[PDB]
Structures are given as structure tokens and as C-alpha cells.
There are 6 protein chains.
Amino acid sequence: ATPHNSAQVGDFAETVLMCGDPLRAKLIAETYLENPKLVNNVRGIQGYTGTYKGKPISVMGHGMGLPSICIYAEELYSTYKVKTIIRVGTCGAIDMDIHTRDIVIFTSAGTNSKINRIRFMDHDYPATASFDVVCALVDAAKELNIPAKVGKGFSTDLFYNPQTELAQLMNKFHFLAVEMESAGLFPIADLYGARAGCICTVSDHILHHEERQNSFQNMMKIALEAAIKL
Amino acid sequence: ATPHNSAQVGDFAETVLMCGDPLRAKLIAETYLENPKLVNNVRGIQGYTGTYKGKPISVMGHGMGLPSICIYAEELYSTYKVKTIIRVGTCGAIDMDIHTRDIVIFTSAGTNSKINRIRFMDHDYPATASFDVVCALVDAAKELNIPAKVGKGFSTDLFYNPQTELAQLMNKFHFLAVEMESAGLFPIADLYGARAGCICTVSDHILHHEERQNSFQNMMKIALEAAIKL
Amino acid sequence: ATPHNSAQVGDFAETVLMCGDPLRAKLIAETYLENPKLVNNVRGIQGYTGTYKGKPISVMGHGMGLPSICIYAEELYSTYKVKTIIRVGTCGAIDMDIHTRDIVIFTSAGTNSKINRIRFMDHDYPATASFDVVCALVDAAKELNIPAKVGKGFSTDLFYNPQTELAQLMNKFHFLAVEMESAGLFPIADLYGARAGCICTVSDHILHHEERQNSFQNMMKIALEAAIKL
Amino acid sequence: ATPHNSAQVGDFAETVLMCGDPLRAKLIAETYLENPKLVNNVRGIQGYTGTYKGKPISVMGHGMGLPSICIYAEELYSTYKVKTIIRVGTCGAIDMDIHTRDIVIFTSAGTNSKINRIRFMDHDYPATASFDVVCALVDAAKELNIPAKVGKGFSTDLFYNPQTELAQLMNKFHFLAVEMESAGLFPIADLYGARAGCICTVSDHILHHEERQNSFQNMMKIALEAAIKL
Amino acid sequence: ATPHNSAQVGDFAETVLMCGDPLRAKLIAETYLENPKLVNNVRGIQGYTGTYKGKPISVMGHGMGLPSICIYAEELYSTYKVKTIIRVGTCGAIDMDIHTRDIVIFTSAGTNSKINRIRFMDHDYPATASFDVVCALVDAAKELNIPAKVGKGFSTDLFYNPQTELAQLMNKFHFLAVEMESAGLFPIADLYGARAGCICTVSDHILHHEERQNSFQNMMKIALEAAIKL
Amino acid sequence: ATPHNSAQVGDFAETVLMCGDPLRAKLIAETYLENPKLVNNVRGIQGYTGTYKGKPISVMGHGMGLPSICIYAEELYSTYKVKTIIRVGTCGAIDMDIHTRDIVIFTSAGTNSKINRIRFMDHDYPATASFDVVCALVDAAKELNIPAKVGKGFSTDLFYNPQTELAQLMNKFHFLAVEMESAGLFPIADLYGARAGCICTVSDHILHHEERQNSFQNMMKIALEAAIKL
Ligand SMILES: O=c1[nH]cnc2c1ncn2[C@@H]1O[C@H](CO)[C@@H](O)[C@H]1O
Ligand SMILES: O=c1[nH]cnc2c1ncn2[C@@H]1O[C@H](CO)[C@@H](O)[C@H]1O
Ligand SMILES: O=c1[nH]cnc2c1ncn2[C@@H]1O[C@H](CO)[C@@H](O)[C@H]1O
Ligand SMILES: O=c1[nH]cnc2c1ncn2[C@@H]1O[C@H](CO)[C@@H](O)[C@H]1O
Ligand SMILES: O=c1[nH]cnc2c1ncn2[C@@H]1O[C@H](CO)[C@@H](O)[C@H]1O
Ligand SMILES: O=c1[nH]cnc2c1ncn2[C@@H]1O[C@H](CO)[C@@H](O)[C@H]1O
């Protein structure tokens, strides 16, 4: 159907969970989905579709970086008529009050990428998670009674950031953590009148290096339950 | 105490409602507050402090534009130890599905200003409303059962915008409305570990010109009730 | 007539003096004008019209910041057919040779705002005061024999500037003082084929904190006399 | 060893061929390498090491987009002491004289990404392929007598580019094709005093949609032979 | 003494007239100066020093473009202790009310160059002509009773400008003419606490192609007389 | 024919050597060309045309800075139908491994100028030397067996660069040397489907100040021989 997806319209559920690691997407499909069927493996992206509590749901990788997830997200909303994309993954803690293993729900994401400036006439576009998705994630967290931090994330184009002062600047402004996709995903959902959200588990702290399964499984529960609520 | 505020630490409540029009702030103080006392009138800004349902609450103008509200907000959090600032005002509808008189609660705000780039090492800072404030405003709206749209706002530096194509671009990305302060306010609250939010009543539509009291009074109810919840 | 002015075409003189503080504009009208009539008080802006030495002259506030004065200036030239706007106000000294209470006449103004880049295809627009106005102000100063410094001003978007190194940079380039409107005003006058100028009294020094009436009254004399010459 | 590579120093040859598609990297290892051993499969990246004509050589995926290849390239030069990285892949023709199936050797690559501006004090960094690698690729092409076009490439952050006019602009300046990694790879090699190059096979034309194996196999021959020459 | 000047401190007068064409500088020295002595001809720049009405005065070329004049101006103020530099040359009319042969005195100059952003922390630096020099030029013009237009100039980096819409934009904002040095010269004078100005004769109109000696000779009279007044 | 060239179509050879110093261009014409005829001296640019080993070849100055060479290069390709321009000149060493008197052949050039961003929709244009010219220069160097370094150059707009940290940054990225024209020349050749290259002799080192004829004569041999090969 597309240069990066061999599936056809209807193969994907209207709600899709995505993570950078394709092997993690495969694990998620085998671990949490019932009757998961591989619907797309172009570039080994591991796109699956099955059901959770009877409802259709797909999971697929999106690679690392805004350019990568921008390709997959745009194709899913445009061609496969997907309605909701929830990003599930790992991130690096920034704020001194955030620690490894904490679960973070992004309200929005800042970025050092030029993509949003390109689509927004060189102005400041606030990559904001869909309010419905943020709410579904927070309610899911409250119902499961799993502690989760809600706030700003930062999508970097440079995992190995040359600008070492940025880290402290983000701590002063209280950005919760860093990942590499949210800022790209959110605006695309807006353009297609669709929805997007993101929830991550802190795998380490960037201002000081600091069981990882429990945290990840708890994050998956929140995302899966929230997907149902949506 | 400051170049723009004659009041002293303690004269302002920890929660302050602000609007551009100083006369509107005076009206609000006389209409909704009990025992409102003028605590600051430097530059005729009309800063008052009284009580709503027994709780301390201040109201004051903030002028028009990011530079203006940036001065007032920073002084309130820094010098007067204010904790929460809720922006109450009017705005211009952008999205074709938004109409005059609708009430909009901003999740975040984009901008064509350079202020956030200056404070964020020339990167994209997502001016995001504090999640607690957004929630308090939405719950207040739900409890009062007053229809309100939640989404992106845009803080322009140019009321009379030379870039006429921006309007349609914002409609495609579904920005709800335009005002001139939010994008400046939100990051300042972050820096001071405090909170900020914004709720506005659409006074007109920019893509086509289209009782205004009811809408405004309903907005005030939401802001006042939300202030109590915070 | 406009969203920020209730007056009608003809209520304003062709020459208007403006200052940020609306109460200062009211004081000026009561102190220096004869038969001052309030012609606009939307948002408590205090717009008056009277006569000085028999000639029609209006005074009104313009709020703080480029966005604010940009709204008022554009409406005055476009709708009220105003020809000359002279900004009268206070400013913060930058240059080490400039001291508190000195009077400064701006030849032009730099800025950290993005407004001029937006209107000038992202290039460098030199916000320049109208040569006629600069001359009228300098001649008025020479005739009244009141010492005044002539040179570059800087219109900041951030009263509380995070970039602390900018201050010394401006001292090296000899910017005289800092305010928050000139850079926005000047280009608008150009666009409407009209005129604009600015004169300020230093209220303090930003590189080191350092009767204020005499200085202000002397500045008013220069502006008023220059208004007549124009 | 690294967050994206489980291999240890010495597992990778000093020369590594990389392509976006991990499955293509696996195919390449099984098709052109002798005794290929999987040395890294974190995130299913398919990193292999074997020999070509007796010489050690590794092949691995790098995902799509500058951020992705930037992570892998930096780790390979820094941690695994790799000396040469040759990017092998597909691209979209821009120039009207370039057609589908043509083989292109990049001298350099332009980009709409902000990464190089971030590492080069906001100036223009010319992402240039290492002259030794360009020469090795061209000589390999000449020796194998396989027609190949040499010139500028463009690394986009947006596969689906909103700026539709850019395509014709690039045709006027004669950019040969578009991909999504080169501009990021080249500067990293420079920083580590190492080498990088890129060769691609045109899979389609962006200005007009237009056996694909022969072209790909011919490209692999050029890259493999050039790797030996280096 | 410098990489571009063989003269020594004292060989240049404190006031120097400069034009792009070195042959024009030689002509000027032979035509208007008494006892002109060649003090610098590195790169055939034709730097001379003589006297006008008994006062020491030097004339020299400065090449075309901001980078070129930036080298010469900085060396003159820094090494040769020059105090005043008056740029004398030709320019292309922009404003519809300006015609070929008109004489223009620049109050300031805009630019599409990045030089001033580099020296001014990426903000808007208003390249402003020294008020003393502007005044001396205007008074000289008034005393000689030679009509001259005073206003904004534009220093382009592109004689052949790809951005064809800029011309009309500058007409709307009333830029008088275009040249290629002023915007670079003015800030340098500021940095050295020295002075600079510019006066040009329109050689053609860019919005429509339209004796040239009289105009040039009249311009020289104004510059020479103004040099004496300074 | 043009505002900067009095010659007519056909007066210039299809291959032109250019250097900043017009006197150097005259020397080159008298020293290496047979029957050199002055074909253009507007602004004393010293444009000559003669023959080298029987083949037509022109030499002319281009002033200092991108704006200057941009004027001359564009006119030569557009009006005089020139096909190849080889820049011959001096430069300042950056890389610690490069020393005074070394000969450098630019593969490409970075810049702090805004010119390429203006012509390339504000993106990163890689000012790349034509591969044919780079090859001709390197082969000429190999045949004459004259040691020459091949790599990145940097075209600065500021000979006297305020950003003192840039020098070390360029050393880390291994830019070979600094000049002031290449980045402007290369893109123009691309636009006209023509060719351009650059070769320079290091006259000094910018990170530490460090017979100059031999080096220059060797550079001329390489350029002249390469011109024949093209
Ligand atoms: O600290 C981090 N910086 C950037 N990305 C991170 C970080 N931690 C986890 N990720 C996530 O995993 C990949 C990078 O390894 C990216 O896809 C990002 O989403
Ligand atoms: O359409 C609009 N554009 C910009 N600001 C608006 C608009 N409508 C209401 N406001 C609000 O009132 C002032 C401008 O008149 C600004 O303070 C803004 O917050
Ligand atoms: O130091 C200063 N920085 C910025 N603005 C100043 C300063 N001093 C006086 N003003 C003027 O008063 C308001 C700010 O308080 C602004 O309106 C500005 O014009
Ligand atoms: O036309 C194209 N635009 C961008 N990238 C392309 C194109 N053709 C091939 N690729 C390559 O494959 C991925 C995108 O599908 C990117 O990794 C890019 O390198
Ligand atoms: O129309 C013009 N655009 C740019 N520069 C001009 C123009 N007219 C005269 N000059 C002047 O002469 C050189 C360019 O030929 C530049 O030095 C500029 O100062
Ligand atoms: O170190 C240098 N920086 C900039 N340009 C240089 C340098 N060395 C030689 N040139 C060359 O000569 C002129 C500057 O004097 C410029 O034309 C440049 O090409």
C-alpha cells in the first residue's frame, strides 16, 4: 500500500500502540494481544494486529527519531484510517525530581528539530498530546492506581547532544524526560484531525546515572487500558 | 515593591486571575469578589484582592502582548509568591468549527514571538498550560455543565498579522483561537515551579466575521470555581 | 471605530504623544493641554485631545511592549489618519556614559523581537525614527537649550532579560538605553507613509543602580515644542 | 557496550556498510559475505561481520532519518573504532536528467534538518562525503565500468515534504536525489577523524513516477569493491 | 601595517571618503584633492591622502559587499586611528518616488546579510549612520542648496537578488535605494566609538529602468563640504 | 555588457581563473599567459584573456567576500557563457595539521553568510566544488607530483571574526582553511549548469602565526594544468 507498509486499508485497528524497538513491538503483540497477526514487516518494522479484551488493536515499531515516526504516523492516519496512536517507550530523565523507572505521561514535547518550524511557517508550534489521550492515560493510571508523572517531554534529534548546557536548562524549566519522537507525532495527528499521546518509562537519568520490567509492564497496562477507554 | 507593582509580599492571594483590560479586572473584582481591596494601580493596572467563597483571590490586568504579561507574571511568582495564575479573556476564533461566544480552554499555545526561543537556546519550547490548571478548568466546566472546547491556542505578536496565510495554516492544524499572552505566561510558571492556565471567550472569528455577556459570565464561573479547586 | 478605540475619525489630532503608562497620559493631558477632552478610554488607555499653544494635540497610553504599541500605532495611522506619533517615556540606561535622569532621543532602535523579521521577509529591518521627528526633537532641545543624548535605543521583549551578556554587548556598541516600543512603532510609520519618533528620560541604569520630575518635565517640553514644529 | 549495540570492541570490522532496512542488511550479509556472524541485533538492527575477498567487513541497518543514523555512526566511530562507513541504499531522483534505477554517488548532501546548525554554531556546515571514499566509489565504478552519477544529494527530515516548491528548487540547482541520512553521517565522520561516503540506487522519481535488482546488485558491487580499495 | 594596507599609522587623515570603485577613488583624489599622495595600493585599492581647503583628507576604495568594506573600515578605525568614514557611491532606487540621478543620504541601512546578527547575538541591530555625519551631510546639502533625499537604504548581499518580491516590499516600507556596504560600515564605527555616514547618487531604478556626472559632482561637493564640517 | 564588465560575449575564454587581488590577476596574465589582452577593467578588476599551451584562458579579479565574487561569477556564466571558473588564491589555515605554504584543494566550503540560505529556502545548501574540477586539480597535483591537501574550506563574511570559538570548532571538524568566496561561487555554478573549483595557498595560520612564492607558483601550475584538462 505504501513504501513502508505492505498492509492494506483495514489491516490496522483504529488504535495503534507504537515503540521504537521493533522487537519490543513483537514482544508486546505476543505478550498482551490475543491472536496477533503480522500485518506489516517492511523493513522489519513488526506491525501486528490482534485484540485486547475483545477490541481490535495494532502494535508496530516506528524507529528512532522524528523523521522516522513522521513517516509511519502520517501513513497510518492518511492511508490506513487510524484514529489514535499511543507512543509507548523509554526515555531519559531530565528533572532532578524524576528518577529511573518512573512512568511519564507527556502533555506535550519540545524539540531541537526543525520539522515543526518547516510545517508552521517558521513559528513556534506547540507539539501537544491530544487532550483525550492524555486524559485516558491519566485516568487509566488513576484507576490502576499506578503513580505517573504528567508533564513536558523533549524530543531530541541528537541522542548524543553536543549542547551540554541544554540539560540543565531543561531541568530549570522542569522538562520531565527526553525521547525522540513525540514532537513529530503530535502535530501530524492534529493535521489529520486524529489523536496521539505518549507514555514512557524512565530507563536512566541524564544528569546522573542511576525491576525495569515491572515499570515497563505497569506502563503497558496504562497504555492498553487507556486504548480501550478511547 | 517592583517597578510595576506598589503592593508588598502578602497583598496578593496565591491564586490570581488576569485579563488584558484593566477595567475588566476592576469590574470582575466588584462583580465577583467580596470586600475587594485595591492593592496595586501602578500604570492603572487595577490589581485587587478579595475573597470568593471565603478564599483569598486577586484579580489584575496584564496589558496586551507577551512582553506585558511576562513582566507581571514573573513579578507575581518571584516577588509576591503567587502560586497560580489563570488568564481570563477574549480571543479570535481560528478553527472553522469554533464560533463566536464559544469558551476555549487552552492546553497550550503556539506563538510567532521570539521570547521562548530566547529562553530556550533557540529551540522549540512547548508553551504548555499546567496540567492541574487545565484539569481544574475542565472539571469546573463539567460540574457547571458548561460546554467548552479544549485545545491549542496561538499567541500572536501581531494583532494585525501581515502573514495572511497563517490563518488558514492554523485552521488546518486546528488551533482553536488567537490571543496574545498565553505562550509567554506558561513558560514563566514552569521556571518558577508554579502554575498557569488560560480560558477565553471567542469575541469574533478571524476567517469570517460573525449575548456576549452570558458567554463571558459563564467563563468567569468556570475560572472562579476552578480557582477554588486549586 | 476599532476594537481598541471608541473614538471616531477626527477625534484625534494629527500629532499624538504616547507613553506606556495611561495615568501618565492623563496627567500629561491635564498638566500640559488646554481643554483636554477624553476621546478614548477603551481598556483604560486614557486617550485625550486638546490644544497646545492653540494647536490640536492628542495624548494616549500604548501599554508596554512592541505588540501593544503596534496595535495602537497602526490603528491611529490607518483609521484616525494621524500623521505623527511621538513616543514619550522612560528607559533604562545601557551605555556607561549615560546616567539616570539623562534625556535620550532615539535615532533608531534595535530589538530582540521577531516582529520586524516577520514583516521584512526575515531580513534586518532598521527600525529608524523619522528624520523629520529626530530633527524636530533635537532642534527643540537646542532651542530650549536642554542637554539631550542622541543615538540608538533597544526595544526589548524581556524586561527581565535571561541573556545577561546582552547588556555588556550593547554597551560595547554604545546603545544608549532600553525601552519596549520604538522598534515596533518606527516600521509602522514607514508602512503608512507617516512619521514617528521617541524621546525618553533615563529612570535608572541597568549596569549599576543609581529630581526625576525636572528631567521628565524637560523631556515633555522638548516633545511638546517639537510637536508644534512638525 | 552501548544502548544500541550489544557487541564489543573488535566485533565490527574497520569498514562498515549500512542501509536503512535491517532486512536488507541481513540479505547483504548472507548474499555477499562469507561466514557472516550476527554481532548486534539490539532493536533488530541486524549488525553482521564477515569477510569479502578475505577482508573483514560488517554490515548493519541504521534506520531512517538523520537522528537514527547519527546514533549508530557516532557509536561505531567512537566505541567500536570503525574507520570507514559507506552508506548503501535507495533514494528519490530530483534532477530531470536522473532516472529510476540510476546509481548515484554523493559528493555531499544538503538538508532541511537543524542538526548541523546545532553542531556548527548555527552556520552552514557542508555535509561532505570523504574525498577518499568518493574516489574509491568512483574508481570502483570505473573499473567495473558501471555508469554512475556523481553529485549532490539531499537528506530530508520529511519524506512527505509539505514544502512542495523545494523539489523544483533542487532541480534548478541540480541536486541528484533525496534520501534521509547522508547529511548527518558525513559531519560525524569528520568529528572523529574517520571516513564516510554514500551510494544509492534511484527507486523512483519525485517529479514524475516512472530490473530494480540489477541496479541494486551493481551498486553493491561498487560499494564492496570500493570497501576493499579503502 | 595590515594584510590589506601597507600604510602606517599617520598616513591616513582622520576623515576618509570611500567608494567601491578604486578607479573612482583615484579620480576623486586627482580631481578634488590637492597634493594627493598614494598611501596604499595593496590589491589596487587606491588609498590616497591629500588636503581639501587645507585640511587632511584621504580617499580609498572598499570593494563591493559588506565583507569587503568590513575589512577596510575595521582596519582604518583600529590601526590607522581614523575617526570618520563617509561612504560615497552609487545605488539602485527602490521607492517609486525616487528617480535616477537623485542624491540619497542614508539615515540607516537594512540588510539581508547575517553579519550584524553574528555580532549582535542573533538580534536586530539597527545599522544606523552616525547622527553627526547625517547632520553634516544634510547641512552641507542645505548650504549648497542641493536637493537630497534622506532615509533608509538597504545593503544587499545579492546584487542579483533571487527574492524578486523583496523589491516591492521595500517600496511599501519606503526604503530609498540599494547598495552593498552601509549596513556593515555603521556597526563597526559604533564598536570603535567612531563615526560613519553614507551618501549615494542613484544610477538606475530597480523597479523600472530609466548628466550622471552633474549628479555625481554634486554628491562629491556635499561629502567634501560635510567632511570639513566634521 | 554588464554593470561590472565592459567586455562582450566572446571576449572571455570558457575557462576563467579568478583571485581576489586584481594586481595578482594582472601579474598572472603577464607571467603565465601568452598574448594577454585586457578585456575588462571596470572598477580596475583586471580581466584578461590570452592562451596557455595554445588554449584560450582568461584571468580576472573578483574582490573579497561572497557578495563580490557572486556578482562576477553570475555574470560570467550568464552573459559571457563561461563554463569553468577556478578560484586561485590565499587562505588562512585552521586545522592544526595544516601549515603555512601548504596548498589546499577545496572539496566544498562552509560559510557564516546568509546567501545560500536565501537561495535555498532557508535550508542547508552544501556549497560543493564541481567534482570534475576537484578531480582535474587533484590529478594535476598528482601528475606534477606537488603535495596538496584536499578537504573542506570555510568562507567567512568576517575576516575579523568576533566569534573566537568558531576557530577551534572548525579545527575539531577538520576544516582545512578559511577564505571568503568559495561558498558563494559553487552554488552559482550549479544554478547555471556550469563548473567551479578552488585551490589556495596557506598564507598564515589563524590558531598560531607561523618561500611564499614557490608555494604560489606551484599552486598556479596545478590550476593552469587542471584548466587544460578541463
Ligand atoms: O535519553 C534518551 N535520549 C533520547 N532518546 C531516548 C533516551 N532514552 C530513551 N530514549 C528512546 O529510545 C531511543 C534512544 O535510545 C529513542 O527512540 C528514544 O525515544
Ligand atoms: O483576534 C484576536 N487576536 C489577538 N488578540 C485577541 C484577539 N481577540 C481577542 N484578543 C485579546 O485581546 C487583545 C487583542 O485585542 C489581546 O490581549 C488578546 O489577548
Ligand atoms: O529598563 C527598562 N527596560 C525595559 N523597559 C523600560 C526600562 N525602563 C523603562 N522602561 C519602559 O517602561 C516599561 C518597562 O518598565 C516599558 O514600557 C519601557 O518602555
Ligand atoms: O524519495 C525519497 N525520500 C526520502 N528518502 C528516500 C526516498 N527514496 C528512498 N529513500 C530512502 O529510504 C527511506 C525513505 O523511504 C530513507 O531511509 C531514505 O534513505
Ligand atoms: O542596484 C544596486 N544594487 C546593489 N548595489 C548597487 C546598486 N547600484 C549601485 N550599487 C553599488 O555598486 C555596487 C553594485 O554594482 C555595490 O558596491 C553597490 O554599493
Ligand atoms: O585568514 C583568512 N581569512 C579570510 N580570508 C583570507 C584569509 N587568508 C586569505 N584570505 C583571502 O584573502 C582575503 C582576506 O584577506 C579574502 O579574499 C580571502 O579569500
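In what follows, chains are A, B, ... by sequence order, proteins preceding strands, each numbered from 1. Keep in mind that the numbers below use all heavy atoms, side chains included, and drop hydrogens, waters and symmetry copies. Read the numbers this way: they start at 1 and go in the same order the structure lists the ligands and their atoms.
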Item to check | Any side-chain heavy-atom pair of F/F216 and F/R101 under 4.5 Å | outcome: no
Checklist entry - Do the non-hydrogen side-chain atoms of F/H4 and F/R43 ever get within less than 4.5 Å of each other? => result yes
Checklist entry - Taking side chain as C-beta onward, heavy atoms only, is E/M64 less than 4.5 Å from E/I69? => result no
Next on the checklist: Taking atom NE2 as the centre, does B/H208 end up with more than 12 heavy-atom neighbours from other residues, nucleotides or ligands that are less than 6.0 angstrom away?
Outcome noted: yes
Checklist outcome for this item: For residues 85-94 of chain E, the salt bridge (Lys or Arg N to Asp or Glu O under 4.0 Å) pairs (sequence neighbours left out) are E/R87-E/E179, E/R87-E/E181
Please tabulate protein-ligand N/O pairs under 3.5 Å for ligand 2, atom names and distances to 0.1 Å.
from, atom 1, to, atom 2, distance (Å)
ligand 2, 8 (N), B/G92, N, 3.4
ligand 2, 12 (O), C/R43, NH2, 3.2
ligand 2, 15 (O), C/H4, NE2, 2.7
ligand 2, 17 (O), B/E181, OE2, 2.7
ligand 2, 19 (O), B/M180, N, 3.3
ligand 2, 19 (O), B/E181, OE1, 2.7
ligand 2, 19 (O), B/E181, OE2, 3.4

Next on the checklist: Any non-hydrogen side-chain atom of C/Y72 less than 4.5 Å from a side-chain atom of C/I45?
Outcome noted: yes
